[PDB]
Every structure is written in structure tokens, then in C-alpha cells.
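J.: This one is an experimental structure. Sequence first:
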Amino acid sequence: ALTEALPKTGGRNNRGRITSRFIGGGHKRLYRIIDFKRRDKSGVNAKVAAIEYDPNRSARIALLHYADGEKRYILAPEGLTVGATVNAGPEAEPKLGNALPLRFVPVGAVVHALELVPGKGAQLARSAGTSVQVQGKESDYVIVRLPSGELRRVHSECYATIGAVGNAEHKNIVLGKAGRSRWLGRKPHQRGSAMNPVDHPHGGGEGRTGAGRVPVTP
RNA sequence: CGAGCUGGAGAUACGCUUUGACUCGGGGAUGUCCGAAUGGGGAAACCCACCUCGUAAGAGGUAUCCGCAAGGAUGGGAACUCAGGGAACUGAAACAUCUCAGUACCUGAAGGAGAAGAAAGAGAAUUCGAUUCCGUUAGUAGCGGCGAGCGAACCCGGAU
RNA sequence: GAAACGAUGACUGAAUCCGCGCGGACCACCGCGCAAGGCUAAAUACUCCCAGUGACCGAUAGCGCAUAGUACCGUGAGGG
RNA sequence: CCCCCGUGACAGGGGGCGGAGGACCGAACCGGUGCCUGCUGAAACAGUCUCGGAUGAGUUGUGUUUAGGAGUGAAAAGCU
RNA sequence: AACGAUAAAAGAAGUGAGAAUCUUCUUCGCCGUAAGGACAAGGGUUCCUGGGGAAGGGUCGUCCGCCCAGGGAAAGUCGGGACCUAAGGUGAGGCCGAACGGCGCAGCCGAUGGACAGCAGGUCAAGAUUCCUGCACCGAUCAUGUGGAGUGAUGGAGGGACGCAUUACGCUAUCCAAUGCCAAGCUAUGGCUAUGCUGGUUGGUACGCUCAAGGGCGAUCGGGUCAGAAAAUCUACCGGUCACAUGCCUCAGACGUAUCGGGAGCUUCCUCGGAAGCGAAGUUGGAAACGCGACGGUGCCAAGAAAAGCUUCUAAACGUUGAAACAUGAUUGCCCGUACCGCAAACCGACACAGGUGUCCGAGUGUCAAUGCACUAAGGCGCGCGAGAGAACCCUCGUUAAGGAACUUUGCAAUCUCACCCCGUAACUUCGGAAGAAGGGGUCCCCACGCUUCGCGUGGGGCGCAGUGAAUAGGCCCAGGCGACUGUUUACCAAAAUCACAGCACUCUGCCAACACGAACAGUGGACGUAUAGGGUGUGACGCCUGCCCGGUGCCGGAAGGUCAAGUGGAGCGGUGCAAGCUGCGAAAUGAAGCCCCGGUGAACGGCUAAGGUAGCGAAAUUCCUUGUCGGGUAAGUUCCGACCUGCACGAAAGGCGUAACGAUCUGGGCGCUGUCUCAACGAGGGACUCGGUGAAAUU
RNA sequence: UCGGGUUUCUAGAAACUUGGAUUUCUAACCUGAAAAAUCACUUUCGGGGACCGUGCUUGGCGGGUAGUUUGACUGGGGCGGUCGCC
Ligand SMILES: [Mg+2]
Ligand SMILES: [Mg+2]
Ligand SMILES: [Mg+2]
Ligand SMILES: [Mg+2]
Ligand SMILES: [Mg+2]
Ligand SMILES: [Mg+2]
Ligand SMILES: [Mg+2]
Ligand SMILES: [Mg+2]
Ligand SMILES: [Mg+2]
Ligand SMILES: [Mg+2]
Ligand SMILES: [Mg+2]
């Protein structure tokens, strides 16, 4: 049904020319307003109304209704149901995703929608079904395993939502025929090999080759 | 001024003049609309509003920057002037230094001219005496892949 | 370059009175002048503009124009 | 999604029904394959016959944005 | 030479100095999803009327889109603006910048989107939802009366906000049929006399217990503060009570009544021809939208403007005796565009140019269907030199004896094929395809009968050489290379074996990310994305796969030691002076990133001494000798296929070997059928030749 | 804590110091949530914080770009040979 969002708009560059190569497809995707802080709410439950799939992301977002009679979208994690509910704030018991900080949080307690700076909403493991693993508590900072396979410090003043996401993992997704791309991306990359001395470093020759392996520009 | 005038254009018709026209000189009053343009909008000259006065018709104000305020300023001028920024072909019989050149052009500020100006100096006589210009000194002194080539100043005579 | 002085960007950063600057490395003696305040006629430049003059042209010359930046080309800047 | 059959693990196959698809043929439309014609042309790139795409990575309008060593480019140094 | 498309004319009459060409009439031909008609863009008066004939019009010209004067265009409701916002453009304060200047929230500007009140006809030579007529609707301001109480923000919320594909039912436009109905008269050539033939056969408004699909529907009390900044008698959320159906609300539209138009044609005059006035009928059945009922049904994923208008809630605020509202009249009604051309002699193309140009309407017959093909209505038009001749030669056509690819570089070219229906249909395979494989048969008319008819099937007869009897309308096959595939490219010599592609892999980036644009600790794109995400490179479905060498280059790491800048800092030497001092040069030490150096990585550069080619393929689009040798097909085969292998100079992601399917791809072969050829003939049309009119060019 | 210097009270003790590092803290500086979008402020504030970054200078890397260079003889040009002296 989708609802109460905004309108996006294709565009691949500013104050002039093409910056990030390619991309221009589209299909008028609107933007739904989310929430990655989940704090001015701290204290009330809400009925996960539904899990409306929404573009831009790839994370079956979830619809919530916090008692006040207000509305909000949430990165439906990995397992909430047709109307399961949830509260929020330190007085939160690490259940199916919650608006809880970090110290009060268990070890190796996979979560997500995590954060990088007190408030300033999420900013980590918010995609596909990325699972941020926790580890050691420290002074105030913690020890975490970001999807990357990295160990970064961060402190508890930075909320997070229980467990990982999923969106089933873009798996059986194979795209298919060129164009499933155009279904979004664009002019799928041009090989600087089949280009010209003129346009790219790899260019020239008379058959095929390599020599140096550099990127566009140098 | 003194007897024509009724714009080039010359064409028909009506007409104005010594009760002084016309032309000429010199101040006024009218002057829409656009354009710095400023009420607001805008594809220049077109659309649209508000306040104040007002019989209607109609009249004035409504940009911004400085400044209590009075008052000043935004734009425009052919070349000339000072500043900010600053090429290359070209020459070196090839080329990077150098040359062309601080030339071309851009930009800014102002004027009728500017800029520069009252020696913390020139310069060797214990001399001179603000700055600008011309003559000459001098193609010297000196700079220079010491190549190509570039090149002052005091002194002295004048403009003032 | 032995290279003074002026100049300014970054750093530092003195004296005020037998004080200070300079006189082309640097020191002495010698001499010259006094900075971190301002102002300033005149001669000099140019020529859109006016007058006068010319061993200047006199209509393929002279200004592009005996007038037109018009006609005409160009999306245009521009040319003409 | 509805039924039929089955039998060794088998899948499966059958009648219903539904309406998928850089699917099929073809006009518009969009291309431009081969031949001939044209070559001081009807035309500074075309005509006839012939041919490809045709719900798509489709075709197109208005508005607007991107530019010179720069843009743009399903990439020829192509177009600007 | 040419006179701008091979859509053809012909006569009569007229005008006039003068006519192949101007007007008129009557024949003819051409177009008819257009060569008809309506906007928009764009042009400007080309429009109309009266004149003209120099130049412009490829000849003429009495004519013109040309020359001249005059006229011609009319809106409260159509478009736009006085309303709205999108990309983008701007922009008080604010962020950056040698200058000029680049940014940038709000706000403002900005359609091609939203939003909003008129419909039927009439008519100047030339305009019409704009003028007239007929009735209507909209805001506004006013009065009259009803009402008798609130009204209700730059503010809240609701709402306006919308994708693609497919599709059920109702219908309207629109079209068709008929011994429906009205109108008019004639018919003869042999027949018919009317059951023939021709034309017309309704729109606006208003009322109607008529018919009616389809479409739209919760309400209300109360509660919870933590939500709408605030308030809220609204919204959001929570909970109790009655809602299958119905129940409502609503009608697309049909019918009837009435009224207003219009309506085949009819009457008189006509200054020569328009003008004026009159008026019949309105049937039954069938077809039928890409439009209307609408914000319908369903499925799908690649997930679908914003704002105001608008309903509602209140803060403020006014008054609660003359409100909000309703009705009835009264008054009001701004600016710009409104002619004509408009797929085209009136726009872009130097030209009255065979080109280009967005959207809408776009009839009938026949043909499964259609916006196709043939004819044709309406409507438009016969392309602005013309007339003879009937040679060569050239262009575009029709036929062709015997032969049938012998042509040739090659079957290039042109024939054959060609539609629907029934039968039938292989190798191979990713099981979907290959498949319209191949091959074969049928198709016309009539009568009867059976079927659901427009029509089809069963059967009997019929005519022709011939029955999609006209027009549209796949020739097929085997074998191989190259790329898997739809796609894309060299506007004006290359469409392909290019580019792209799904998929694979390397690699880098934790967020002010890498990366990129930029004068700029400005702004911004990546992304309102956060690692199953973003960049760069290379490889190119799927299949089995991906070998050996880190010496040299590049990268990541290690990281003792060697080397190395500025600077800190020290000996030391030296110049001048009487001295303090002032002063030239200065050195060991200490001082980074890298560089040396140690180690590693090949879907890194890359080689096959750092090492030597696993699988696989091999004379290959990479072979030189070479027409390799033998086998295949031919009578005969430099090329093609098969194998072998002595791989000049095959090789595993510049990927290797394969691969159903696909290809305006290239190579070889076969069947068919041909004028490609033996070898050309005849015939047509358009030039060429002749005469009259106008009259180039390169060149010299 | 490591560097040393200065001054005093006895190499130590004390103090004044002036440096490197580690760490730590934080008014500058930075940056994020809120009623008032970019910005200024109020503060919860939150966290970063002497780093980054901006300015001057140092040396490295730098076909990303720029300016350029790349001889002559030559029975044609390149390849080969050659170009001075006896
Ligand atoms: Mg003369
Ligand atoms: Mg002139
Ligand atoms: Mg066809
Ligand atoms: Mg903005
Ligand atoms: Mg003829
Ligand atoms: Mg004869
Ligand atoms: Mg075909
Ligand atoms: Mg291909
Ligand atoms: Mg293709
Ligand atoms: Mg270079
Ligand atoms: Mg060489």
C-alpha cells in the first residue's frame, strides 16, 4: 500500500558534468521517510503494522505505530511478524529489534541499524541482512565485527537494533538479461581497453592487451 | 533679424506673418514606455500589487549600499591614466634560460588628464635639493645559455 | 651571482635620544638623510568632439559608407 | 490456482484455466541491408524495388542541463 | 543540356491587343489513414475585395502565394495572466573566491503537470465555445426576505497523488441492413413500372412514480497520554456497540412529454444569379471505440510528480438585538492570443526544392483480422513548357523456342516461393525449441440437408486452361567459421567476427568512505545510499574446465641494518677594528616519507635465464614452404569438409576446448526456378531525334 | 618518565626551566539530535579534540598535463656501412 513518503529524483552529477560514471536508468522511485535514531520515542511499544518492501534500500523495511497514534518506518530486521510489537529505550529487553543502547547490550549479541555517533541515527550494518556482531565492552567503547570483517571501537551512547536483517539476501537474484540493469543502473561500464589513447589509459593497440593496469584517469 | 515662412522632398489643400513671423542665440516649462533602472515579475520596451492625496480623470512614493540626519553612491564614455591578473606565434636559423613582454587580452577605480610629490634621496662636490616631460649623457656603465639580445643613472641644457 | 636596497607571503620581531637609515658583501673611519600619517597645482598623455590648414584622395581613390554598418550572410559572437 | 493417472524415490506426463515474455508475423513509427538510379542531382546523401526492429536497453514532444584540451560517448577518436 | 517525379487529358463556351496554359460547363484520370480535415510549432498579412501585368512564376499569362489601395481579425466561461508547483533558474542574512566571480535554506521565477464557470445553432466577400439569436452557468457587490446563530486562520490533519500488463459487464459517437417512414419524378436502349431506382431519416435544454448496468459507502460513544509546536468540537491510535445481502448515495445512458434548432428538398425573382421565405419523416433490427459508467476486476515488479484549489480543527479575533448559509431579483465582467498556411508552392531546407516536421479526426465494399491490399464517398488534385516522330543508345518494364548457372570474383541480379485451412514434419537439444522444418492437399458457383449464424460441414450438379481465379503475399535444405542471445556503432564509402550484455573474477572503500567536479578548510555528485553497499579493471549465457615460472616490473607486508632534506646543534677557519663587538664560511651529531633490502601475490604487468607448455585444439579468421599428403563431393575442385601433424610464429579468464538456439554475419554444397549465360528477339513506356517558347555548365 | 640548563638546601633534596614521547584532559578548533530546515543562537547537549585540516617551508612520487627533442652522407628512403687524424 505504501504511504506518507516523499518523491526522489534521478540525477548523476552536480554543478556541471557527469561525476560517478554510468547510472541513469531509474523508474521514478519515491522516497519513504524512515528513522534511524528511534529516540524521541524511547519508552513506548508499537504494532509492527507491516513490512512494506521499498526501493532505494533492499531491506524489507517495517511499518510501526508507536502508541501515541503516530507513524514510522523501521528497517524490519529478520523475523518480526504480521503485527508483532516492540517498545524502546534502555528499559528495553533485547528482543526482535529494539531501540536500545550498547552497554545494556549482551556479548556477541548480533544487532544492526547500529550507530557510529550518539544519535545521528544508524550508519552501520543496515543493508541486505548484515549482522553486526558485538564483542567486548570497553571503558564506554565496545568491540565490534562490522560486516567488512573489521574491529572498530564505539561506545554505548550509540543505540542499535537487535539482530541482523535479511531481505533474504540478493541471492536467487541473477538479474537475467542486460536491462534488468537498466531496470536501474546504466550504459553498463565501458572497458577502457576498448576505448582510445584519447579517452582512457588502456586504449590503443590494434587487437587487445593490458600493460600497467590503472583506472580511468591514472 | 527684419518681411518671409509653411522640415529633407520637391506634392495638393488649408494657412502664420510686420498688431513683427521664420531663422539665430540664451534660460524655462512637457516630456509616455525600456534601459544602472529601484515597487514586484520579466523572454528590454510588456504583466501585475500596495500607501499616501483625489469630483472622477487623475498625482506622488514604494531597490540596495552608507550614514541621526542633510548629503553621497550604483551606469555610461573613442583613445589616454594607475592597479589586479597575465599569454603565444615569434628570435635564438632546432630547444627548455632567455627573447617576444609585463606586449596582446581580461578585470577594477577615476578623471580631464592621471599618476608621481616635499629626500629616512641622488651622489660625490663635505654637491644638489619635491614629483612629471624633452634634449643629451649612452648604446655608455652593466646585465646576457656572458649566445641571440637587452641597456640604465648622476652631470649638463630646457618645459614648468 | 661575492649581490645592495626596495618589495611582500610564512615564521620571528630593536631602539625613542653620545638614538636610527643609507652610501650594493662585511668592519673602521669618513659623508648623507631621518621611515611604519595625510594633502597638493604647473609643464606630460589622448583624442568621441570643433576650427583651420595640406607639393592629401577626387568616385576599383578617399572612412566600410558622395553614407549604410543599411541591403545582404550567420542560431550567434561576428562579417558586410 | 482446479482436477486425472501413476508408481520402482522418481520427478512426471494429461484434460482445465490463466495470461507471461529485451517471444513470434506485420502497418504506423523507428531504422538503413543489397542492387540499380542519381553524380553541374528533384537532394551538399536521395529515390524505387529489397531488408531489420516493432511492450521495448522502445519512439517522441516541450522545458532544462552538460562544452574546446573541455563536454559527450552501448566507444568510431565518433558527435559537439 | 534542362524546363524539377510517366497522376494523362479532351472538347465546347467565354474574356481579351493578345491565350495549349485565365473563367465557365461537360467528359476523363490520380489520391482517399490521404495528395481529405483539425490544432501546435513556425511565417506574417500571404486572408477578402477591387485593380494591375514591368520584375518574380523554369514556356505563356488576360492568372498568382506577385505589384497597389481599401477592408478583414470582437470572449466573465477556449489558452494563457491576475492561482500551483516539477527539473532547472534564481536568492535579504549565510558559505567560499586576485578581480569580474562560484555557491547557497527560505522565498520568488519557471509547463510541457495540477487547478477552474457555457452548450445548441445562425451568418459578412473575408471572424466565431469570441457577433446575433435561444436558454445557461461562475465569482463578486447590493437589496428583499427566510434563518435566527457564529464565523471559522500565512496554523493542524484529510484530500488532491496518479505504474505497467491483462480484462468482466452497460453504453454513447459512429456505421450497416430492410417491401420501415417521408420526399421527388423518370422511366424507353430487350426487360422492369414498383415489392424499381435516388435522397433524407435528428441535436440543445427542461420536467417526467419509466427502464437501467455500473460505480461509492461505515457510524458513533468513550478512552490513552507519551503524537499532530500550541488548541482542537478534526486526525492519528486503543476499546465497547449495529452493519452477509440488503441498506442506502449516485446515475453512463435509454425511453416519454415539451420546447428550441436543424432537416431531403420546395416557391418566386434574379440586375444573370445569388437572394429571400417554406418544411416532410424521425422506424425496427444488427455492428461498435484506444471515449463515457469509473477513483471497476485481477496479476505483476524493474514499485509508480509537488503545490495550491479543496472538507475538516481550532489560536487569534468579531459579535453574540442586524452571523455562517439559503432563495429572489439588481449591478459587475480587466489584460494578451483570436485573419490566412499549417506533412506544406505560405514552416526548416539559398529555389513556388521528390527531403524534414509533434498531436487529433480519418467513411464504404470486399478480404479471418487491420489504421493492410484493390476499388471508391466526401473532400482534394491531374505535379505551371507544349506538339510531333517511333532510329542508334540509355533508363523502367512484359513475354520468351531448345538448354537451365555452362554466367561469374560470387546465382550479385531477377524468376521460382508466396495468403488462410487440413494432413504431415528429422538430425540436435539447455527439453523451451529447432518448425511456417521438409512434403502433400484443399480453396469458385449453385441446390439440398445437418450445424449457432456474417458463415461451416455433409452431399449432388455446374463452368473455365486457370477458383487467396485481380492486389497485398516466406524459395527450401545440408555442411562449417565468428560472436551465445534482444540490443549498438562509423549523421555524408565499414552493422561486422566491434561495442554492450547477464554471469565470473581481481581489487579497493566504515563514512566528512574510496572515488570524481571545483579558484574554494565553499558547495556537490557518489548517497538522503553504510559493505549481500559504493569505485576501478579485466572476462563475457550455460557446459567441462583453467596448467607451469614471483628472477625483471608493479603492488601488500616485514622491517635489523645502508643511504637521504629542511631544521636543531658543535668544533673549526676567516674579514675589519684600538676594544667590547660587529661579522663572512662553517662541521661531527641528531632529523621523516621513500630508495636499497628481506618476504609474498598471476582471473597483477608478464614469460612458458624464474621457469619450462597439464587438458584441449592443430596446416586453424592465426601456416611460411603449401594447391602439405590421403579421404570426401565434381567429369574435372588452389578453394570447402574429414583426418593426420613436420603447430614458420595454437593454448587455458588479451581465457582453453564445446555448445540447442539466434545472425540484413562470412565460406562451401545441394534441390527448385530462372535471360546470369549459349544469344539474343519481339513488345511497352520515359529520354535521345524534329518544330515552337525560355536557356545553363564545367572549360578555354 | 626520559633531555640536559639555572638557582638554592645537602650524586641527592628542593624549586625555575626550557624539549621528545606516552598518556590524559579538554575553553579554542571540530561535528551530530532538539521547538525554529542552509545559517545564528539556548542549552541536553553528545562525541572528536590539539589530531585533522588551513596557511609557510622540506624532500619524494607524478606521461595525469604541458613545452619539446629524436643528425647527416645515402646512384630514391629505411636496414647495413660511414662521418676526425696518418
Ligand atoms: Mg567616373
Ligand atoms: Mg559613409
Ligand atoms: Mg511485408
Ligand atoms: Mg533551493
Ligand atoms: Mg514530349
Ligand atoms: Mg517527316
Ligand atoms: Mg525472415
Ligand atoms: Mg552478435
Ligand atoms: Mg540483431
Ligand atoms: Mg608528451
Ligand atoms: Mg632513431
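T.: It's in. Residues are numbered from 1 along each chain as shown, chains lettered A, B, ... in the order given. Ligands and ions are numbered 1, 2, ... in the order given.
J.: Quick one: the strands in chain A, in order.
T.: Here chain A has its strands, by DSSP state E, at A:6-7, A:30-31, A:62-64, A:72-74, A:111-112, A:137-138, A:141-142, A:144-146, A:150-152, A:161-162.
J.: closest to RNA strand F out of those?
T.: Across the strands of chain A, RNA strand F has its closest neighbour in strand A:141-142 (7.6 Å, C-beta to the nearest atom of the strand). The way it works is simple: take the backbone N, C-alpha and C, and place the C-beta from them, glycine included.
J.: I would like the residues contacting that closest one, please.
T.: Contact with strand A:141-142 is made by A:102-103, A:134-136, A:153-156, as judged by C-beta atoms under 8 Å, 6 or more residues apart in numbering.
J.: Which residue ranges make up each domain of chain A?
T.: For chain A, curated CATH domains gives the domain ranges A:1-93, A:94-163.
J.: Do any residues in the last one lie close to RNA strand E?
T.: Yes: in this structure, domain A:94-163 sits against RNA strand E according to C-beta under 7 Å from any atom of the strand; the contacting residues are A:116-117, A:123-130, A:146-148, A:150, A:152.
J.: RNA strand D: which of the strands of chain A is closest?
T.: Across those, closest to RNA strand D is strand A:6-7 (C-beta to the nearest atom of the strand), at 15.4 Å.
J.: quick one: strands adjacent to the closest one?
T.: With DSSP bridges as the test, strand A:6-7 is paired with strand A:30-31 (antiparallel).
J.: Please list the outside residues in contact with the strand it pairs with.
T.: In contact with strand A:30-31 (C-beta under 8 Å, 6+ apart) are residues A:2, A:5-8, A:56.
J.: Would you convert the domains of chain A into TSV that also reports mean neighbour count and distance to residue A:189?
T.: Below are the domains of chain A laid out as TSV (neighbours: other C-beta atoms under 10 Å; distance: least, C-beta to C-beta, whole Å):
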stretch	mean neighbour count	distance to residue A:189
domain A:1-93	15	6
domain A:94-163	18	22
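J.: of the ones you listed, which approaches RNA strand D most closely?
T.: Closest among these, using C-beta to the nearest atom of the strand: domain A:1-93, at 3.5 Å.
J.: Quick check: residues of chain A near RNA strand D?
T.: A:13, A:16-18, A:177-179, A:182, A:187-188, A:190, A:194-200.
J.: Make a PyMOL selection of whichever of these turn out to be buried.
T.: Burial among these is assessed by 16 or more other C-beta atoms under 10 Å; the matching PyMOL selection reads:
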select buried, chain A and resi 200
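J.: Name the residue of chain A that lies nearest to RNA strand E.
T.: Chain A approaches RNA strand E most closely through residue A:69 (1.6 Å), counting by C-beta to the nearest atom of the strand.
J.: which residue packs closest to residue A:127, ignoring adjacent ones?
T.: If the residues on either side of it in the chain are set aside, residue A:127 comes closest to residue A:59, at 6.2 Å by C-beta to C-beta, 6 or more residues apart in numbering.
J.: didn't the one you found look like it was pressed against residue A:165?
T.: Yes: under the criterion of C-beta atoms under 8 Å, residue A:59 makes contact with residue A:165 at 5.3 Å.
J.: where do the contact lists of the two overlap?
T.: Common neighbours of residue A:59 and residue A:165, using C-beta under 8 Å, 6+ apart, are A:75-76, A:126-129.
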